[PDB]
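Asker: I have a structure here, written as C-alpha cells, and I will follow up with some questions on it.
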Amino acid sequence: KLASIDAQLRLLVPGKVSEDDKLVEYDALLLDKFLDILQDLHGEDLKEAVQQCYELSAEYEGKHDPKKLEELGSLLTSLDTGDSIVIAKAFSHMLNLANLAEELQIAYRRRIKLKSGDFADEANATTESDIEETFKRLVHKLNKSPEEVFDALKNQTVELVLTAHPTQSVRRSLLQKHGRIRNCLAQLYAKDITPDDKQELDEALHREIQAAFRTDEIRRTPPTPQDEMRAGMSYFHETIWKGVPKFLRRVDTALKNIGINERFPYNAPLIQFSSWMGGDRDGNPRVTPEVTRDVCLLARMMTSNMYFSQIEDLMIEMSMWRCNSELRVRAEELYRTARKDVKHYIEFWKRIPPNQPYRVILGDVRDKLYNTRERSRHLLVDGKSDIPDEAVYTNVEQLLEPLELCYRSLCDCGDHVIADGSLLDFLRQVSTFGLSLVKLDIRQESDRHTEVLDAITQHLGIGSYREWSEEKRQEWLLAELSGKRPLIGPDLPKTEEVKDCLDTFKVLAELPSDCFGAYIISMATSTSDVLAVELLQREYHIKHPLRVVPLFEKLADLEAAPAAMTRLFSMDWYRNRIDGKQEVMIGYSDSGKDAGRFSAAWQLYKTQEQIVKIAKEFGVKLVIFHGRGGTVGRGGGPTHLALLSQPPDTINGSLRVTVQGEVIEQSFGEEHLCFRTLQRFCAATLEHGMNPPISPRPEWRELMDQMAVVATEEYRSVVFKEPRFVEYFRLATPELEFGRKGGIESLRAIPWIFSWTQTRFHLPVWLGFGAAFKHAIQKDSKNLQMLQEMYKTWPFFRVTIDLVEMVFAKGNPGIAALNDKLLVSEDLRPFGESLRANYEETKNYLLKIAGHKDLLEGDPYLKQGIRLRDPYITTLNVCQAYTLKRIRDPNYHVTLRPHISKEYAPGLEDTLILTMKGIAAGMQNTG
Amino acid sequence: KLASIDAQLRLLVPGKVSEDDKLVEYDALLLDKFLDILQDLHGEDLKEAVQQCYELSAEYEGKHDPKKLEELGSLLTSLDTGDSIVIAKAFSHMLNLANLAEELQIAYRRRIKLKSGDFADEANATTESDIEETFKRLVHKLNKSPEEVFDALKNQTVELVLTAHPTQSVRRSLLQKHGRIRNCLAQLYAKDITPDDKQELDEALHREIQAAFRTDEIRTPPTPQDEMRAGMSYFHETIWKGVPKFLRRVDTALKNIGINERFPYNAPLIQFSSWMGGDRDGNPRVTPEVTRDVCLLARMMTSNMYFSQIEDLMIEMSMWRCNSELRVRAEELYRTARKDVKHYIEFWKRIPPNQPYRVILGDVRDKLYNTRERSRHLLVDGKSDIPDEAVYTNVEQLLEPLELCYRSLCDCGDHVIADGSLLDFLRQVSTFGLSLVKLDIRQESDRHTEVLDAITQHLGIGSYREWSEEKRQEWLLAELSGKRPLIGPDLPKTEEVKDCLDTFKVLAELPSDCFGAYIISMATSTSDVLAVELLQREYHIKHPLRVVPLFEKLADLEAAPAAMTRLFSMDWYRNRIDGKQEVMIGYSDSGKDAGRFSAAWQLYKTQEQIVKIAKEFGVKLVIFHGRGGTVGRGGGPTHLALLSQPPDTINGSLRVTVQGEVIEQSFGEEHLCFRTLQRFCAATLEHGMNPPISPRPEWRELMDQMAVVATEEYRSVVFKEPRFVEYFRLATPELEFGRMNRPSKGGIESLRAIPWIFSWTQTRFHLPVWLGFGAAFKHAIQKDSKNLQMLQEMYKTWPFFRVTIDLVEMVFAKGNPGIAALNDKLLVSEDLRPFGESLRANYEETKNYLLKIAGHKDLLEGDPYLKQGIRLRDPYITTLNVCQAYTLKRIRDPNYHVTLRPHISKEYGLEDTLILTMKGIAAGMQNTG
C-alpha cells in the first residue's frame, strides 16, 4: 500500500533523511489516500491508468529516456475527452496536495542553531536571521544602539502589493479545504497520538481530500474582475489578519530582548497591504470605472466585516468593571441614549448595562462597524444607501479613538497587562488595515493619457497634443496646472477609451482617499507623461490626488528616466505638489522582454543607483516600487537575501514590492510561512538601510557592461530579428490559446513568461546569459575567476544567478523537444533544436560560474520539492501537447480506448485549461 | 545546591542551549560532588575557602573587575603552606574534571547534517568530512573513480609520533580513574535511568572523583623509562582497540562507494612511533641504556597485549571445520604437544585436535608468552636463556598462523566469521607489529662533529671541526667507501663522545623493527647528514636508520635546499636512501629564532622548495612535522591544517608529532580517538588529490614584506633589548621550571623551545606565539590601506593563512593581560615595569589587528564551542595563576611577609605549591605555540 508508494517516491529524491524530513512520507500518504478516492469515485480501471501515467513519468524523470515520454504519450492520446478530463483533474489535484505537504515541511523544518555569518545564510529559511538576530547584528556588528534600531523600525514602512493570479484565482471554499487537509496531515504526525484519534484523523484526511477534488465545476464564464478580487482577498481571513499582530508581538519580544522596555507602538505604520485587483486596467478594458468602484466598496465591506466579526469576542473578554473617569462619562452618555430593544446579533442582544463599561463603549463600535459594512453592501447591490455618515466610520481615527480610550482606561486602573492582550492586537489590526484592508493602485498606460489630452486640445481648437514636442507638452501642461478655468466642457467629444479613462478620474474624485494608493503610468517615457496625469487629477478637483508613479519599461526608457526625473524635480509646481516624496516603479519582466533578463537586471541596478542620487541632490525621498519578475518576488528565504542585495540607499526605510499572484499561496497560505514572510520583509528592510551590500568593483561593472551589450544582442537577434521566431513561438507554445481566453513587443510580459513556462523551456529567463558568459570567458580566461568571485562575493550577482538556476531546475528541454515534434512544422525543427543547444550551453556556463556540478546543489531542500512535483507536471505537459495537437488539427485522430471511468458536453478546450492551470500551479514563479 | 553552581557557571558562558549542550551541567555536577568530598576530607572551612576562590575567580572572569583579582590575592596569600597545597591540588583536580567533561561533550555533540562545502567546514569537528564524505567528494567533485580512491588509500601511510608530556606524564592508574569518572558522568545522562541506578551511579561518581583526588603523592623526578611507560598508556585505554574500529569504518565507507572488498588487513595505513627514550637532544639523562630499556619495554608491552587477548579469541574460535592446510598443521602441533598443566587462565589442559583453530592459536599464545618473558628477563636480569625459535623475532612469524586461520575459515564457508575478531587481530598485528611504537633517535649535529673530531685528531690527520664544509664532505665520502674501520680500541673519549658512540652500539645490537629515524637536531649542512651515515656504517648496523635533518633557524631553513641538492647529487647517498628521504621541520624551534609569523611563512616556502628538488632528483620526500604547528592542534582544526599544506608535501605519507600536552584530548576518550585517526587518514588522502589553492603573487609579495618586518620586531625585543632576558626571568617562572625539571638552557637562543613557550603560557601572556604579527599587520596596512582587504581576502580564501591566524586567535582567547600585569607588579623591579607595559600595549594592538583581519568583533566568534570550553576552565586557571604569582614572590623575596590565617584544613612547602600550580596551569592551557 503505503510503503510501496514511499519506495517509488524515495527513488526520485535521494538525500540524508533525519527526523524532521517527512516530505516524501507526506506525499506518499496523500497520494495513497487520493488513489483510494479515485478508485472509489471513478473505478479501479481509472485508478490504475493514473498510477500508470505516474509511473511512466517518474521513470522518465529518472533516466530521461525519450521512449518513456512516447509511451506516456501513447497512453494519454488514446483517452477520450471524459477520461482526459479526469486524468488532468487528478494530476492537478496531486500537485496541490504536494504543494500543501511542502508547505508543512518548510514550516516545521529545523532552524540551524549556529549560523556562519556569511550573507548567503539569508537566502535559506533554515539559516536566515529572524527579527531579533537582525537587531543583534545591527547592535553588535554595526554599533547601532538599541534606541537607534528601535527608532528606525518605528519610522519604517513595508508595503506589499498583491497582484492577480495570472491563471487561477483559488476560491475561498477550496482554500479552506486545502488548509484542513494540511492540518489533518500535521496532526497525524503529532507525538503520542492514540490509535482511535489516528483512525479518525485518517478518515478526516480522506474526506477533505475528496471534498477538495470534487470542488471542480468548470464554469462557462471567465471570472469577473470583482470575483477575482474577492478570491484574491481570501488570504487575509486565512492568515494575514491574524498574522500581523502575531508578528508585531514578536517584535515586542525582540525589542525586549535587546533592552528596549516598551512595545512597538500600536499605530506605527510598519506593514501596509495594497492591491492592483480592479485597479490595473493597462491593456485591460474589462477593468472599468464601475469595476474600480466595486472593488473599493468590497474592500471596505470586508474590512468592516472582519472587525465586526471579532468585536463580540473582545466584548466578552472585556467584562471588567473598573474604568477611569473619561470612559465612565462616555459609557453613561451611550447608556442614556440607548435603545430599549432587541439587536439581532449573536451575542449581546439586550441592552448593555452600565456596570459593564467597556462593553458599552465596544457595543457602540459594533453598531458602527455593522452600519459601515451595510452601507457598502447597499452601495454595491442597490447603487446607493440612506445610511448617513454619522452612523458609520468614514475615517480610521473614529474607530481607533474608542479603542484607545479602552486602552488608557485599563492602563489607568492598573490593568496595563490586560490591555496588551486582544485589545492591543485589535488596535494593531486597525492601524494596519484601516478602513480598507488594501489600498488600490490605479494603473493605465501613458498613451491613453495622451489620447485624452489630444481630444481636449483639439476640441479647444488649439492644436493636437499628440503632435507636440516634449518641450511644448511640458509648457502647456504647466500653464494649465495653474489654469483659471476648467479644461473639459460638456460637449467634449469622447471615444469609448477616452470616456473610460476620464470616468476613472471621476471615481477617484468620488470615493474616499483611503481607498487608493498610487497612480501608476505604464509605458512611461517622459516628464510630460507624469504631468499629464497630474493635470487630469487637478481637472477633476480630486481633494487628495494620488501620487503619480512612472513605470519605465524598456531599456531606452530606463536610460531616459534620469533626465525625466531631474526635469520633474526642477519644476516648482511639481516639487510643491509631491512634498519631498516620489515613487518610481521598475518592472523586471517588462525590461527583460525588451532586452533579455541579464541586461535588464544590470540596467535596473544602475538606473536605481542613478535615481537615488538624483533624488538626494533634490532633497526628495525616493521609493522604488518593485514590479514583478525580480529576485525580490521569489518568496521564501531567497527574498531575504534579494532584499539585502539592493543597491545602497534604494530602500531607505520604505519598501514597496509586488507579491505576485503565483507566489501568494507559498508566502501566506500556511500560518508559519505567513509569519516568516512578514518577518523577512521587515528584517531585511531594516537591515539594509544600516548595512548596504558591497558596491561592485570597477572591473566588475566594466565586465557587466560588456556582458550586457552581448546578452542584449543575442536576445534581440533571436526574439526580434529572426523573421520566423514569432511563427516558431506560436507553434511551440500554447501562447495563442492562452490569449483567446505587432509581435513580441506588443505581447505583454505575463503571457510571454507564462507561455514558455508551460513548455518547461523558460526561454525568457535565460536567453542572453549564454552569450554573455561565453564571450566574457573567451575574451579573457581570467574572467571565469572574476565571475566566480562575483558569484561568491557580490550579493546582486549571487541572487541574479540563483534565480536563473532555480528556473533551470524547473526546466526540461525534453518537453520542448516533444512539442517541436508534435506541433512545429518540419522546416522549423532545426531552429527549435538550436534553441535547445543554447539552453544546454547556457546552463552549463551558469553551473561553472556557480561552482556546481548539478543544479541547485546549493539548496537541496528546494531541489527536493521541485523534483517531487516533476512527474505530475510532466504528465500534464504531455496531456497538453496532444490536446493542442487535436485542437489545432481537426484531422488528427488516434484510436481511442473504450471509456475507462465510471461515475455513481466538456471538450478539448476544458482539458487544455486544466493542464494549463495545473502546470502553472506546479511551476509557481519563474521570470 | 547544584542549581546555584549551574547559575554561576551559566553566567560565564551565554550561548544558545539545545539538548546536546550539557557541558555547563556536567561541570556543575562535578564541582558540586568535589566540593562534598573536600568538605569530607578536609572540613567545611576548607571547602568554603575553595568555594570562595572559585566564586571570586568566576566573578573576575565575568566582568574583569581588578578588585576581584585583589580579593582573590588577599585570600590566597594569607594561606599557610598546608592550606596552599590543598587549594592548588583542588584547583588542579577541577581542571582535570572539566577536561573530562569537555571530552564527553565533544564526543556527543551533534554533527551538522548539511555541510556548506567550504574548506572552513574542515576546521570544526561538527562539520568536518568523515572518511566516507571524503571518498564521495573525491569521486563526485574531483572525478576520481572509486578504484582510484581505494588504490591511493591502500598505498597511503599515516605515522603519528608521540612525544613526552612537557610537564606531567599521567600514570596509568590515574588515567583509568579519569576514564571511570567520564563514564559515570555519561551514564548519569543515559536515556531512561531508574532512580536507584541514578543514586548508585551518583555514589560511584563521588567515589571515583575522591580516588583520583587522593592519588597525589608528591621526591625524585620520573625516570625516562617510567615516563615512556606512562606515555604508552593510551594504547591500552583506546588506541589498541581504536585502530580496528576505524579500519572497519573504512570497510564500511568503501562498501558505500561501491568497492566490494575490505581494506587489506596488512596495508600499513597507520603507524605509531615515539621519541620517549630516543630523544637525547640537550638531554644527557637519555643514555644508551635508557634507549635499550624502552625498546625492550615496547616489545614486552606489545607481546603482552597480544597475549592478553589471545585467550578470548581462542574461546570464540571453537569451530571444528578447517581446511587441509590447517588440519595438517594442527595435527603436527598436537603430536608434539605437552601432556601437562600450562599455568594460563583459560586453556590449561592439552587442547584436543577437534578444536583445530585453538591448537594453532595455542601455539601462538606460547610464543607470545615467551616473547614477552624474554624481553622481561633482558630488562631485569641483563640477559635470557630463551632461544630465538621459542619467540617471535619478526612480525611475519606472528601473522602467518593468523592468516592460516583466516584462509581456513574462508575455505570452509565461514568468511563472515573470519572478518570478526580474527580480522581485528590481524589488523592490530599489522599496525603495531612486534613493537607498537618504533623509536626515533635524536641528537644534535654538534655532537657528531665532536665525535668525528676526536677521531680525526687521534688519527693524526687534523681536526674535523676546523675543516670547511667541502673538506668535510670529501673526507666523509672517502671513509664511507673506506676499507678499514675508523675507530681503534685506544681512541680517547670524553663522556659525551662515549655516550654518542655507545648509542650507535645499541642501534647495531637491537632489532631494526624497534627503530625509526635518526633525527639530527640543529642540522645545517650536507656533512651533518653524512656524519651520521658514517657512524652507522662504522658500527656495521645491518639496517641503518634513515637520517633526517631538522633545520631549525631561519638561516638553516634557507640553506636547506642547497644541502638537500648536494646530498641528492652524491651517488653514495642516492644509493643509500633508495628513492626516499625524510626531512623534519620544527615550528616552535623556528619561531623562537624569527618570530612565529615569519617561521610559518618560511616553512611554507621551504617545503615548496624541497618538494621541487625531490621531484627533480626522483626522490620521494616525507616532511616530518615537529611540534608547534597548526597540524599539532588536535581536534577539527587539525583537519583543515593538514588540508592547508602546500601542494605535494604529503603525497601519500604523513608524519606528524602528537605533542604530549595534546595526547589526552586526541586519544583519551574513545570517540575522540576514533575521530583523530579518521581526520589524519581522510585529510592525508584528500590532499594528494585536492591541494589547496596556491597563493596569488600579490599575496606572496606581501607575505615576504610582512616577514621582514615581523622578524625585525621579534628580534629587536627578544635578542637586541639588553634587558629582555632579565625581564623574562622576573616576569615568568622560567628559572623555577629549570631548577625543578629535560634540562632547559647564552640567552634565549640557547634556551630550548619548550621552556620558552611554556614560561609565557604560564603568565597567560603568550608572547612567543603573537610577537611580530602586530608590526607585520600595521606596517602592511599603513603602507597601503588596500592591504587590509587583501589580508581579509587571504583569511577568507587561503587555507594556510586562515589556519595560521586561527591558531593565534585561540592563543589570545587563552590570554589575560591582567595576569601578566599582576606578575609585573609583584615580581618585576620598578625600572623594568615600563618594558612590561609596552609589551602589553603590543599585545593589545596585535590582537586588534588580528581581529580586524579575521572579521571578528570578539575572540573566537568563529568558534563558539571552543570559546565555551576555554571560558569554563578560566576560573580554575586564574586561581592557580594568582596562587603561583604570590608563591613566586615568597620564594624569591625574603623581605615579603603577610599575616597568615590559622590553618584551615583538617583531615582524618612553597616549592611543592609552585609545582602543583605550574602543572595545573599547563593542564588547563594545553597546546598553544
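Just so we're on the same page: first chain in the C-alpha cells is A, next is B, and so on; residues restart at 1 for each chain, and ligands are numbered from 1 in the order they show up.
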Near residue A:812, counting only C-alpha atoms, which residues have an atom at most 9 Å away, once you skip same-chain residues fewer than 5 positions from it, shown as a ChimeraX atom specification?
Answerer: /A:759-761
Asker: Please report as a ChimeraX atom specification which residues of chain B come no farther than 10 Å from chain A, using only C-alpha atoms.
Answerer: /B:15-18,112-114,116-117,120-121,140-141,856-857,861-864
Asker: Do you know which residues are at most 9 Å from residue A:910 counting only C-alpha atoms, after dropping those on the same chain fewer than 4 positions away, and could you put them as a list in words?
Answerer: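 Neighbouring residues, sequence-local ones excluded: residues 85, 218, 906, 914 and 915 of chain A.
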Asker: Set the distance at 12 Å and use only C-alpha atoms: which residues neighbour residue B:305 once local chain neighbours fewer than 4 positions away are removed? I'd like the list as a PyMOL selection string.
Answerer: chain B and resi 233+235-237+239-241+298-301+309-311+365+368-369+371-372+425+428-429+432-436
Asker: What's the 9 Å shell around residue B:567, counting only C-alpha atoms, without same-chain residues fewer than 5 positions away, as number ranges by chain?
Answerer: B: 526-527, 529-530, 562, 573-574
Asker: Next, write the just-selected residues to a file, as a short mmCIF file (atom, residue, chain, number, x, y, z; two decimals), in the first residue's frame, keeping N, CA and C atoms as the atom set.
Answerer:
data_model
loop_
_atom_site.label_atom_id
_atom_site.label_comp_id
_atom_site.auth_asym_id
_atom_site.auth_seq_id
_atom_site.Cartn_x
_atom_site.Cartn_y
_atom_site.Cartn_z
N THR B 526 74.97 19.42 4.45
CA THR B 526 75.15 18.09 3.88
C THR B 526 76.03 17.19 4.76
N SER B 527 77.12 17.74 5.32
CA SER B 527 78.05 16.93 6.04
C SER B 527 77.43 16.41 7.33
N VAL B 529 74.52 15.26 7.79
CA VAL B 529 73.78 14.05 7.47
C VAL B 529 74.78 12.92 7.18
N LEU B 530 75.79 13.20 6.37
CA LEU B 530 76.84 12.17 6.08
C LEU B 530 77.59 11.72 7.33
N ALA B 562 70.05 23.94 -0.76
CA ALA B 562 71.38 23.58 -1.31
C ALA B 562 71.94 22.34 -0.63
N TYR B 573 75.10 8.51 -1.50
CA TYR B 573 73.89 8.84 -0.76
C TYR B 573 72.63 8.39 -1.47
N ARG B 574 72.52 8.71 -2.75
CA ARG B 574 71.37 8.26 -3.57
C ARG B 574 71.20 6.79 -3.49
#
Asker: Give me the residues near residue B:816 as a ChimeraX atom specification, where near means some atom within 8 Å (using only C-alpha atoms) and where sequence neighbours in that chain fewer than 4 positions away do not count.
Answerer: /B:764-765,812,820
Asker: As a ChimeraX atom specification, list the residues of stretch 481-650 of chain A assigned to alpha helix (DSSP H) by DSSP on the backbone atoms of this structure.
Answerer: /A:481,496-510,527-539,555-570,572-578,588-595,597-617,637-644
